[PDB]
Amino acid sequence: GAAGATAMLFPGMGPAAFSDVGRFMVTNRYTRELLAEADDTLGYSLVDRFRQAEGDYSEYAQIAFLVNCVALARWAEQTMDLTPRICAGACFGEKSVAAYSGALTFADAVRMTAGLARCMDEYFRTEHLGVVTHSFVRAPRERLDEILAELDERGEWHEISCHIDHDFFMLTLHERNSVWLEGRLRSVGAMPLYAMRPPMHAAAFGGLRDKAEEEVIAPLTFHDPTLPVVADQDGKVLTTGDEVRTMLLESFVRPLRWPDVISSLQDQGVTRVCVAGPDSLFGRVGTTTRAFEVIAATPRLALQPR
């Protein structure tokens, strides 16, 4: 609980609808503080272009997610007198820790988060059509390997895109397997959760990584972060603007290993974590809750009167 260092964690982007965060984005002062910096950087009204946007993972939904997580990261610090000794981000979380850790100016982070959002939009129009990430829980490592074996035997391209907990994985493959897979997951007595499409959080995009480096990450300018940053790929502790740059590019070809992040934060003497942003996984799942005293800085918690 209080018997060690506090960490500041940034969650992966869930399906965020203006509906869920709207009132908070215009109420909360930290959001308004950043939204103005962001509107300046972009030359449009992010809230207005988010509000009237389509989908779950829009270009503007992505920017907004960064604003909210970072704002909530600050909000949490001031209101609850937190002083993090180390920070970490999962997938999109990387974009949030970038800004927070100081590794990038907040305007650079916005430029980046925008640039990547647009590179992916344009990517998934032609590449990985019909590919799908399947989230599922109560699938112990022994029982997954039985299913992965059948895919090996069927010769069906597949990738464990995120390791979340011992019995909790995201599996990316072609949709021609979706019904098949859910069938087998229920057989072993696991529970399917969600089918992402296009598979944004997958890590099999060598093509994208190269084009992202040219058009988005290269023109940017990365300072050493003001505190250590743990990497979703391997759990390595970064301390240099360059290592951060890599962390972001690596996420196109290197899957999330959440256990390794926890294992690593534990090694760094952490007992308390503040999951800053609309989360329902990285704050809630066992891997985190077994190891740390969680503080979900949700937009719901920010609007709670006292």
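In this text, residue numbers run from 1 along the sequence as written.
For the segment pair 77-85 and 109-117, the entry gives 77-85 the higher mean B-factor, averaged over Cα atoms.
Averaged over CA atoms, B-factors in the entry run higher in 205-213 than in the other of 162-170 and 205-213. The residue among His134, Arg154, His128, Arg141 whose C-alpha atom has the highest B-factor in the PDB entry is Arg141. When the C-alpha B factors of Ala71, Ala149, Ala218, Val230 are read from the deposited coordinates, the top value falls at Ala218. Among the modelled residues of its chain, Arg184 has a C-alpha B-factor that falls in the middle third, as given in the PDB entry. Annotation for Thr298: C-alpha temperature factor in the middle third relative to the rest of the modelled chain, per the entry.
When the CA B factors of the chain's modelled residues are split into thirds, the value for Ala276 lands in the lowest one. Ranked by C-alpha B-factor against the other modelled residues of its chain, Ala99 falls in the middle third.
Per-chain ranking of the deposited C-alpha B factor places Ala7 in the middle third.
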